[PDB]
>>> print(open('input.pdb').read())   # PDB, C-alpha atoms
ATOM      1  CA  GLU N  47     -21.203  -0.701   4.082
ATOM      2  CA  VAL N  48     -22.121   0.819   7.431
ATOM      3  CA  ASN N  49     -19.080   1.594   9.583
ATOM      4  CA  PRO N  50     -20.232   1.402  13.224
ATOM      5  CA  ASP N  51     -17.947   1.928  16.242
ATOM      6  CA  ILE N  52     -19.086  -0.411  19.026
ATOM      7  CA  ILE N  53     -16.538  -3.068  19.952
ATOM      8  CA  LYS N  54     -16.043  -2.415  23.650
ATOM      9  CA  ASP N  55     -19.516  -3.694  24.539
ATOM     10  CA  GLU N  56     -20.890  -6.351  22.202
ATOM     11  CA  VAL N  57     -19.064  -9.606  21.557
ATOM     12  CA  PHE N  58     -17.863 -11.601  18.563
ATOM     13  CA  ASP N  59     -16.759 -15.097  17.588
ATOM     14  CA  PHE N  60     -14.367 -13.271  15.243
ATOM     15  CA  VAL N  61     -10.745 -14.123  16.079
ATOM     16  CA  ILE N  62      -9.224 -10.734  15.260
ATOM     17  CA  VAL N  63     -11.620  -9.131  17.777
ATOM     18  CA  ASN N  64     -11.110 -11.280  20.861
ATOM     19  CA  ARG N  65      -7.385 -11.504  20.271
ATOM     20  CA  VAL N  66      -6.205  -8.187  18.977
ATOM     21  CA  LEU N  67      -8.721  -5.357  18.930
ATOM     22  CA  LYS N  68     -10.140  -5.731  22.451
ATOM     23  CA  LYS N  69      -6.587  -6.455  23.671
ATOM     24  CA  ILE N  70      -5.313  -3.085  22.444
ATOM     25  CA  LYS N  71      -4.978  -0.008  24.671
ATOM     26  CA  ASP N  72      -6.586   3.023  23.034
ATOM     27  CA  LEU N  73      -7.767   1.853  19.620
ATOM     28  CA  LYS N  74      -8.569   5.464  18.740
ATOM     29  CA  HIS N  75      -4.848   6.187  18.703
ATOM     30  CA  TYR N  76      -4.549   4.028  15.588
ATOM     31  CA  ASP N  77      -7.654   5.643  14.044
ATOM     32  CA  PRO N  78      -9.452   2.332  13.560
ATOM     33  CA  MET N  79     -12.086   1.746  10.919
ATOM     34  CA  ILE N  80     -14.561  -1.062  11.563
ATOM     35  CA  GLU N  81     -17.563  -1.897   9.409
ATOM     36  CA  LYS N  82     -20.383  -4.406   9.502
ATOM     37  CA  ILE N  83     -20.749  -6.793   6.584
ATOM     38  CA  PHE N  84     -24.283  -7.417   5.331
ATOM     39  CA  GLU N  90     -25.028  -9.674   9.635
ATOM     40  CA  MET N  91     -22.206 -12.026   8.723
ATOM     41  CA  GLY N  92     -18.892 -10.193   8.603
ATOM     42  CA  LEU N  93     -16.397  -7.652   9.878
ATOM     43  CA  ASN N  94     -14.040  -5.477   7.834
ATOM     44  CA  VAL N  95     -11.326  -3.846   9.967
ATOM     45  CA  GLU N  96      -8.650  -1.278   9.202
ATOM     46  CA  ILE N  97      -6.007   0.130  11.524
ATOM     47  CA  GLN N  98      -3.357   2.740  10.771
ATOM     48  CA  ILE N  99       0.101   1.704  11.995
ATOM     49  CA  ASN N 100       1.469   5.254  11.652
ATOM     50  CA  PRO N 101      -1.655   7.301  12.472
ATOM     51  CA  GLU N 102       0.408  10.449  11.807
ATOM     52  CA  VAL N 103       0.942   9.579   8.161
ATOM     53  CA  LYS N 104      -2.383   8.532   6.654
ATOM     54  CA  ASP N 105      -2.536   5.140   4.916
ATOM     55  CA  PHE N 106       1.256   4.915   4.902
ATOM     56  CA  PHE N 107       1.250   1.659   6.850
ATOM     57  CA  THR N 108      -2.016  -0.157   7.512
ATOM     58  CA  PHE N 109      -3.344  -3.436   8.860
ATOM     59  CA  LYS N 110      -6.511  -4.795   7.278
ATOM     60  CA  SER N 111      -8.719  -7.705   8.251
ATOM     61  CA  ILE N 112     -11.685  -8.937   6.259
ATOM     62  CA  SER N 113     -13.620 -11.309   8.498
ATOM     63  CA  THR N 114     -16.528 -13.496   7.411
ATOM     64  CA  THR N 115     -18.741 -16.137   8.996
ATOM     65  CA  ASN N 116     -16.050 -18.813   9.146
ATOM     66  CA  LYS N 117     -13.062 -17.245   7.345
ATOM     67  CA  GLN N 118     -10.464 -14.559   8.060
ATOM     68  CA  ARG N 119      -8.095 -12.784   5.679
ATOM     69  CA  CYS N 120      -5.262 -10.534   6.937
ATOM     70  CA  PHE N 121      -3.219  -7.930   5.019
ATOM     71  CA  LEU N 122      -0.282  -5.630   5.729
ATOM     72  CA  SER N 123      -0.148  -2.550   3.493
ATOM     73  CA  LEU N 124       2.913  -0.295   3.074
ATOM     74  CA  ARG N 125       2.900   2.820   0.932
ATOM     75  CA  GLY N 126       0.009   1.494  -1.133
ATOM     76  CA  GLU N 127       1.362  -2.033  -1.606
ATOM     77  CA  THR N 128      -0.822  -4.658   0.024
ATOM     78  CA  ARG N 129       0.408  -8.092   1.043
ATOM     79  CA  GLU N 130      -1.691 -10.872   2.505
ATOM     80  CA  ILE N 131      -0.340 -12.660   5.577
ATOM     81  CA  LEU N 132      -1.366 -15.847   7.381
ATOM     82  CA  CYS N 133      -3.765 -15.016  10.236
ATOM     83  CA  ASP N 134      -2.215 -16.833  13.230
ATOM     84  CA  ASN N 135      -0.953 -16.279  16.790
ATOM     85  CA  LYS N 136       2.478 -15.021  15.670
ATOM     86  CA  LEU N 137       0.752 -12.176  13.823
ATOM     87  CA  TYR N 138      -1.833 -11.417  16.501
ATOM     88  CA  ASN N 139       0.900 -11.095  19.086
ATOM     89  CA  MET N 140       3.245  -9.028  16.875
ATOM     90  CA  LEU N 141       0.300  -6.732  16.134
ATOM     91  CA  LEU N 142      -0.241  -6.335  19.871
ATOM     92  CA  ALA N 143       3.456  -5.661  20.401
ATOM     93  CA  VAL N 144       3.137  -2.894  17.847
ATOM     94  CA  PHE N 145      -0.097  -1.209  18.920
ATOM     95  CA  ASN N 146       0.350  -1.789  22.665
ATOM     96  CA  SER N 147       3.822  -0.262  22.382
ATOM     97  CA  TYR N 148       2.935   3.412  21.941
ATOM     98  CA  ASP N 149       4.262   5.373  24.954
ATOM     99  CA  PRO N 150       4.862   9.118  24.760
ATOM    100  CA  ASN N 151       7.723   8.753  27.262
ATOM    101  CA  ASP N 152       9.547   6.254  25.046
ATOM    102  CA  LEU N 153       8.772   6.870  21.385
ATOM    103  CA  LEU N 154      11.924   5.080  20.265
ATOM    104  CA  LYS N 155      10.507   1.751  21.499
ATOM    105  CA  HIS N 156       7.404   2.252  19.411
ATOM    106  CA  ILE N 157       9.602   3.273  16.470
ATOM    107  CA  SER N 158      11.470   0.016  16.673
ATOM    108  CA  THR N 159       8.570  -2.447  17.022
ATOM    109  CA  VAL N 160       6.910  -0.765  14.052
ATOM    110  CA  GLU N 161      10.132  -1.450  12.136
ATOM    111  CA  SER N 162       9.779  -5.042  13.282
ATOM    112  CA  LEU N 163       6.485  -5.303  11.461
ATOM    113  CA  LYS N 164       7.889  -3.640   8.329
ATOM    114  CA  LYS N 165      10.498  -6.400   8.238
ATOM    115  CA  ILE N 166       7.686  -8.957   8.389
ATOM    116  CA  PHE N 167       5.999  -7.080   5.546
ATOM    117  CA  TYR N 168       9.114  -7.234   3.342
ATOM    118  CA  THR N 169       9.699 -10.859   4.232
ATOM    119  CA  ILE N 170       6.304 -12.298   3.352
ATOM    120  CA  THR N 171       6.252 -14.830   0.509
ATOM    121  CA  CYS N 172       3.183 -16.654  -0.786
ATOM    122  CA  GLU N 173       4.244 -20.220  -1.359
ATOM    123  CA  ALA N 174       2.816 -23.547  -2.415
ATOM    124  CA  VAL N 175       4.020 -27.111  -2.086
ATOM    125  CA  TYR N 176       5.008 -28.349  -5.521
TER     126      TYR N 176
ATOM    127  CA  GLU W  47      -5.283   0.422 -20.466
ATOM    128  CA  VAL W  48      -4.783  -0.758 -24.065
ATOM    129  CA  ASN W  49      -4.749  -4.459 -24.919
ATOM    130  CA  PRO W  50      -2.740  -6.008 -27.757
ATOM    131  CA  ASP W  51      -2.948  -9.734 -28.536
ATOM    132  CA  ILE W  52       0.041 -10.906 -30.548
ATOM    133  CA  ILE W  53       2.580 -11.981 -27.923
ATOM    134  CA  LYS W  54       4.377 -13.451 -30.913
ATOM    135  CA  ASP W  55       4.925 -10.101 -32.658
ATOM    136  CA  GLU W  56       6.568  -7.701 -30.213
ATOM    137  CA  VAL W  57       9.629  -8.541 -28.142
ATOM    138  CA  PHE W  58       9.424  -7.941 -24.408
ATOM    139  CA  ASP W  59      11.624  -7.659 -21.334
ATOM    140  CA  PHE W  60       8.654  -8.887 -19.379
ATOM    141  CA  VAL W  61       9.703 -12.132 -17.762
ATOM    142  CA  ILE W  62       6.246 -13.668 -17.669
ATOM    143  CA  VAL W  63       6.232 -13.040 -21.408
ATOM    144  CA  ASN W  64       9.465 -14.890 -22.171
ATOM    145  CA  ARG W  65       9.289 -17.578 -19.512
ATOM    146  CA  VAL W  66       5.632 -18.509 -20.105
ATOM    147  CA  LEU W  67       3.417 -16.630 -22.527
ATOM    148  CA  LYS W  68       5.661 -17.000 -25.567
ATOM    149  CA  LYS W  69       6.186 -20.715 -24.914
ATOM    150  CA  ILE W  70       2.470 -21.550 -24.900
ATOM    151  CA  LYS W  71       1.635 -23.378 -28.142
ATOM    152  CA  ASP W  72      -2.102 -22.644 -28.339
ATOM    153  CA  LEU W  73      -2.214 -19.322 -26.526
ATOM    154  CA  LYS W  74      -5.534 -18.439 -28.119
ATOM    155  CA  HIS W  75      -7.379 -21.406 -26.630
ATOM    156  CA  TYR W  76      -7.076 -19.866 -23.175
ATOM    157  CA  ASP W  77      -8.928 -16.596 -23.944
ATOM    158  CA  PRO W  78      -6.069 -14.288 -22.932
ATOM    159  CA  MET W  79      -6.784 -10.803 -21.650
ATOM    160  CA  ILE W  80      -3.545  -8.870 -22.144
ATOM    161  CA  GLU W  81      -3.345  -5.108 -21.530
ATOM    162  CA  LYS W  82      -0.432  -2.675 -21.712
ATOM    163  CA  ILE W  83       0.216  -0.242 -18.861
ATOM    164  CA  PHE W  84       0.941   3.524 -18.955
ATOM    165  CA  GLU W  90       5.017   1.280 -22.015
ATOM    166  CA  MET W  91       5.764   0.485 -18.382
ATOM    167  CA  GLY W  92       3.876  -2.658 -17.496
ATOM    168  CA  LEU W  93       1.799  -5.648 -18.526
ATOM    169  CA  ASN W  94      -1.493  -6.868 -17.091
ATOM    170  CA  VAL W  95      -2.126 -10.489 -18.116
ATOM    171  CA  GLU W  96      -5.096 -12.736 -17.425
ATOM    172  CA  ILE W  97      -5.466 -16.296 -18.764
ATOM    173  CA  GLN W  98      -8.439 -18.651 -18.459
ATOM    174  CA  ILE W  99      -7.264 -22.048 -17.182
ATOM    175  CA  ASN W 100     -10.749 -23.452 -17.923
ATOM    176  CA  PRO W 101     -11.969 -21.502 -20.978
ATOM    177  CA  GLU W 102     -15.171 -23.597 -20.952
ATOM    178  CA  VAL W 103     -16.230 -21.886 -17.742
ATOM    179  CA  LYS W 104     -15.424 -18.189 -17.845
ATOM    180  CA  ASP W 105     -13.491 -16.879 -14.819
ATOM    181  CA  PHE W 106     -13.760 -20.186 -12.933
ATOM    182  CA  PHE W 107     -10.009 -20.744 -12.663
ATOM    183  CA  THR W 108      -7.624 -18.055 -13.852
ATOM    184  CA  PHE W 109      -4.038 -16.926 -13.729
ATOM    185  CA  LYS W 110      -3.305 -13.221 -13.368
ATOM    186  CA  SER W 111       0.037 -11.459 -13.740
ATOM    187  CA  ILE W 112       0.831  -7.808 -13.076
ATOM    188  CA  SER W 113       4.168  -6.669 -14.495
ATOM    189  CA  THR W 114       5.692  -3.202 -14.037
ATOM    190  CA  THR W 115       9.267  -2.195 -14.945
ATOM    191  CA  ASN W 116      11.217  -4.400 -12.522
ATOM    192  CA  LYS W 117       8.366  -6.051 -10.683
ATOM    193  CA  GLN W 118       5.977  -8.901 -11.231
ATOM    194  CA  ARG W 119       3.073 -10.221  -9.183
ATOM    195  CA  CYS W 120       1.321 -13.481 -10.051
ATOM    196  CA  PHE W 121      -2.111 -14.680  -8.829
ATOM    197  CA  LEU W 122      -4.312 -17.748  -9.164
ATOM    198  CA  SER W 123      -8.079 -17.270  -8.906
ATOM    199  CA  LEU W 124     -10.500 -20.135  -8.243
ATOM    200  CA  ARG W 125     -14.235 -19.442  -8.055
ATOM    201  CA  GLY W 126     -13.643 -15.766  -7.396
ATOM    202  CA  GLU W 127     -11.084 -16.425  -4.667
ATOM    203  CA  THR W 128      -7.774 -14.812  -5.634
ATOM    204  CA  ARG W 129      -4.461 -15.868  -4.097
ATOM    205  CA  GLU W 130      -1.017 -14.382  -4.742
ATOM    206  CA  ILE W 131       1.703 -16.845  -5.660
ATOM    207  CA  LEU W 132       5.486 -16.481  -5.839
ATOM    208  CA  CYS W 133       6.579 -15.911  -9.416
ATOM    209  CA  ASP W 134       9.389 -18.529  -9.552
ATOM    210  CA  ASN W 135      10.690 -21.295 -11.859
ATOM    211  CA  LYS W 136       8.445 -23.786 -10.071
ATOM    212  CA  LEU W 137       5.550 -21.560 -11.004
ATOM    213  CA  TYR W 138       6.635 -21.162 -14.639
ATOM    214  CA  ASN W 139       7.144 -24.924 -15.072
ATOM    215  CA  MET W 140       3.691 -25.827 -13.659
ATOM    216  CA  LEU W 141       1.895 -23.288 -15.801
ATOM    217  CA  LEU W 142       3.609 -24.387 -19.029
ATOM    218  CA  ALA W 143       2.779 -27.983 -18.155
ATOM    219  CA  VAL W 144      -0.842 -26.888 -17.811
ATOM    220  CA  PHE W 145      -1.208 -24.776 -20.936
ATOM    221  CA  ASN W 146       0.875 -27.065 -23.181
ATOM    222  CA  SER W 147      -0.645 -30.373 -21.999
ATOM    223  CA  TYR W 148      -3.709 -29.424 -23.960
ATOM    224  CA  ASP W 149      -4.515 -31.814 -26.824
ATOM    225  CA  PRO W 150      -8.050 -31.826 -28.242
ATOM    226  CA  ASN W 151      -7.409 -35.412 -29.409
ATOM    227  CA  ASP W 152      -6.445 -36.532 -25.937
ATOM    228  CA  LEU W 153      -7.409 -34.291 -23.057
ATOM    229  CA  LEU W 154      -6.937 -36.610 -20.060
ATOM    230  CA  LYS W 155      -3.324 -35.500 -19.556
ATOM    231  CA  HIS W 156      -4.546 -31.871 -19.559
ATOM    232  CA  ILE W 157      -7.544 -32.505 -17.273
ATOM    233  CA  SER W 158      -5.140 -34.053 -14.762
ATOM    234  CA  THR W 159      -2.492 -31.314 -14.862
ATOM    235  CA  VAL W 160      -5.177 -28.685 -14.356
ATOM    236  CA  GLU W 161      -6.110 -30.568 -11.193
ATOM    237  CA  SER W 162      -2.413 -30.414 -10.233
ATOM    238  CA  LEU W 163      -2.640 -26.643 -10.427
ATOM    239  CA  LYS W 164      -5.797 -26.723  -8.236
ATOM    240  CA  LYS W 165      -3.874 -28.688  -5.627
ATOM    241  CA  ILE W 166      -1.237 -25.949  -5.758
ATOM    242  CA  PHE W 167      -3.840 -23.225  -5.269
ATOM    243  CA  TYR W 168      -5.292 -24.849  -2.128
ATOM    244  CA  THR W 169      -1.785 -25.228  -0.799
ATOM    245  CA  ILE W 170      -0.647 -21.592  -1.108
ATOM    246  CA  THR W 171       0.310 -19.834   2.110
ATOM    247  CA  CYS W 172       1.638 -16.308   2.594
ATOM    248  CA  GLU W 173       4.048 -16.545   5.476
ATOM    249  CA  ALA W 174       6.705 -14.301   6.978
ATOM    250  CA  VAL W 175       9.582 -15.362   9.210
ATOM    251  CA  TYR W 176       8.899 -13.984  12.698
TER     252      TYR W 176
END
>>> encode(input="input.pdb", output="structure tokens")
Amino acid sequence: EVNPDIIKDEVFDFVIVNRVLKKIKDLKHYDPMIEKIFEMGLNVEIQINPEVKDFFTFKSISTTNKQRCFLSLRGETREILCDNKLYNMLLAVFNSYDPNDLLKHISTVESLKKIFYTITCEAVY
Amino acid sequence: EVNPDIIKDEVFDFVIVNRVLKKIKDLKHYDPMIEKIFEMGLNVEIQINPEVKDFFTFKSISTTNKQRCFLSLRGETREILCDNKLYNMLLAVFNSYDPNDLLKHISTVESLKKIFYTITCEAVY
């Protein structure tokens, strides 16, 4: 339940850390929330549109051996497979904010929305 | 908020109601938890293994034109696409029940487990 801040110093085995968070320029732009779980877990939240609060969020519940990843748009949360494709795309989004080229950011965020709207949870029958 | 019980009385436009819930012969055996939402929606929860409360359940959230379906195993909840495949598997599970011969039923429940472990939430990148 405690929401520390350190992530630039210490190290993790946690995939989402050593593959997205640490690889993002200026985390504080996206007003990150990071908490410690009991010590066996990490619960991460990043705003995708920091300007409009909780409009578009990325959430990652990490545990000892398991990770669960969720895109959330206007209050509707969808789970998505935690994999490279997602890590990358997430980096494309967050690493794309440049004041001298907002339109580029605009687009890649739209790219992620598309992914959001395109997610289906399927089984092999 | 409120929770009825006779899915045989009222008529519904809810698709989970007409494609599944009304076609279940011994609905009562599966300890249904059916609530109405602000009329506007239906919250449904069925026990796949009534013998072990909340071990394996199916949840369905219906609002006006939307439905979301979940399978929960040992407290782990996964969303699953509400499609014909889904509706056919569930009916096969709830209607295979026969107190005078349960092997068929025991096996189809396993078939639903297999489905659970198989679910993935993917987006096309």
>>> resolve_selection(input="input.pdb", expression="the PyMOL selection byres ((chain N) within 6 of (chain W))", output="number ranges by chain")
N: 131-132, 166, 169-174
>>> residues_around(input="input.pdb", residues="residue 160 (chain N)", least_positions_apart="4", cutoff="8 Å", atoms="all atoms listed in the file", output="list in words")
residues 99, 144, 156 and 164 of chain N
>>> residues_near_point(input="input.pdb", point="(1.3, 0.5, -17.3)", cutoff="12 Å", atoms="all atoms listed in the file", output="CSV table (one decimal) with C-alpha atoms, in the coordinates of the input")
chain,number,residue,atom,x,y,z
W,47,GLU,CA,-5.3,0.4,-20.5
W,48,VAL,CA,-4.8,-0.8,-24.1
W,49,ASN,CA,-4.7,-4.5,-24.9
W,80,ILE,CA,-3.5,-8.9,-22.1
W,81,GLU,CA,-3.3,-5.1,-21.5
W,82,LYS,CA,-0.4,-2.7,-21.7
W,83,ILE,CA,0.2,-0.2,-18.9
W,84,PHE,CA,0.9,3.5,-19.0
W,90,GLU,CA,5.0,1.3,-22.0
W,91,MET,CA,5.8,0.5,-18.4
W,92,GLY,CA,3.9,-2.7,-17.5
W,93,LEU,CA,1.8,-5.6,-18.5
W,94,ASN,CA,-1.5,-6.9,-17.1
W,95,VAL,CA,-2.1,-10.5,-18.1
W,112,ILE,CA,0.8,-7.8,-13.1
W,113,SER,CA,4.2,-6.7,-14.5
W,114,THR,CA,5.7,-3.2,-14.0
W,115,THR,CA,9.3,-2.2,-14.9
W,117,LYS,CA,8.4,-6.1,-10.7
>>> closest_residue(input="input.pdb", among="W:157, W:118, W:128, W:151", to="residue 59 (chain W)", atoms="all atoms listed in the file")
W:118
>>> closest_residue(input="input.pdb", among="W:75, W:111, W:62, W:123", to="residue 149 (chain W)", atoms="only C-alpha atoms")
W:75
>>> atom_distance(input="input.pdb", atom1="CA of residue 97 (chain N)", atom2="CA of residue 125 (chain W)")
28.9 Å
>>> atom_distance(input="input.pdb", atom1="CA of residue 141 (chain W)", atom2="CA of residue 66 (chain W)")
7.4 Å
>>> atom_distance(input="input.pdb", atom1="CA of residue 108 (chain N)", atom2="CA of residue 142 (chain N)")
13.9 Å
>>> closest_residue(input="input.pdb", among="N:161, N:61, N:106, N:50", to="residue 78 (chain N)", atoms="all atoms listed in the file")
N:50
>>> closest_residue(input="input.pdb", among="W:71, W:153, W:124, W:55", to="residue 109 (chain W)", atoms="all atoms listed in the file")
W:124
>>> decode(input="input.pdb", residues="region 75-91 of chain W", atoms="N, CA, C and O atoms", output="mmCIF file, in the first residue's frame")
data_model
loop_
_atom_site.group_PDB
_atom_site.id
_atom_site.type_symbol
_atom_site.label_atom_id
_atom_site.label_comp_id
_atom_site.auth_asym_id
_atom_site.auth_seq_id
_atom_site.Cartn_x
_atom_site.Cartn_y
_atom_site.Cartn_z
ATOM 1 N N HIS W 75 -29.414 -25.293 -9.491
ATOM 2 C CA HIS W 75 -28.296 -26.090 -9.034
ATOM 3 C C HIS W 75 -26.988 -25.317 -9.013
ATOM 4 O O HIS W 75 -26.041 -25.666 -8.306
ATOM 5 N N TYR W 76 -26.893 -24.249 -9.807
ATOM 6 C CA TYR W 76 -25.611 -23.564 -9.931
ATOM 7 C C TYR W 76 -25.549 -22.259 -9.141
ATOM 8 O O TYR W 76 -24.754 -21.386 -9.500
ATOM 9 N N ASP W 77 -26.337 -22.147 -8.084
ATOM 10 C CA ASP W 77 -26.356 -21.057 -7.124
ATOM 11 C C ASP W 77 -26.265 -19.669 -7.743
ATOM 12 O O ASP W 77 -25.410 -18.876 -7.326
ATOM 13 N N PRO W 78 -27.109 -19.355 -8.711
ATOM 14 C CA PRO W 78 -26.976 -18.081 -9.422
ATOM 15 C C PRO W 78 -27.125 -16.876 -8.496
ATOM 16 O O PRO W 78 -27.912 -16.864 -7.554
ATOM 17 N N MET W 79 -26.322 -15.876 -8.822
ATOM 18 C CA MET W 79 -26.319 -14.559 -8.213
ATOM 19 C C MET W 79 -26.615 -13.553 -9.327
ATOM 20 O O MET W 79 -25.710 -13.133 -10.044
ATOM 21 N N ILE W 80 -27.895 -13.212 -9.466
ATOM 22 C CA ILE W 80 -28.360 -12.314 -10.509
ATOM 23 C C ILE W 80 -28.932 -11.011 -9.954
ATOM 24 O O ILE W 80 -29.942 -11.029 -9.247
ATOM 25 N N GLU W 81 -28.297 -9.896 -10.282
ATOM 26 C CA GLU W 81 -28.698 -8.568 -9.862
ATOM 27 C C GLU W 81 -29.115 -7.698 -11.040
ATOM 28 O O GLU W 81 -28.593 -7.838 -12.148
ATOM 29 N N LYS W 82 -30.052 -6.787 -10.793
ATOM 30 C CA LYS W 82 -30.449 -5.820 -11.818
ATOM 31 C C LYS W 82 -29.659 -4.529 -11.656
ATOM 32 O O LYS W 82 -29.210 -4.162 -10.566
ATOM 33 N N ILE W 83 -29.438 -3.797 -12.745
ATOM 34 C CA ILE W 83 -28.631 -2.574 -12.611
ATOM 35 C C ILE W 83 -29.441 -1.326 -12.966
ATOM 36 O O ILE W 83 -30.268 -1.392 -13.877
ATOM 37 N N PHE W 84 -29.201 -0.253 -12.240
ATOM 38 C CA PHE W 84 -29.802 1.060 -12.231
ATOM 39 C C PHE W 84 -30.846 1.282 -13.322
ATOM 40 O O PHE W 84 -32.042 1.089 -13.087
ATOM 41 N N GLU W 90 -34.169 -0.247 -14.754
ATOM 42 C CA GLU W 90 -33.556 -1.227 -15.650
ATOM 43 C C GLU W 90 -32.523 -0.581 -16.565
ATOM 44 O O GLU W 90 -32.725 0.514 -17.096
ATOM 45 N N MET W 91 -31.407 -1.276 -16.760
ATOM 46 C CA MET W 91 -30.358 -0.759 -17.636
ATOM 47 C C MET W 91 -29.296 -1.823 -17.889
ATOM 48 O O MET W 91 -28.603 -1.842 -18.909
#
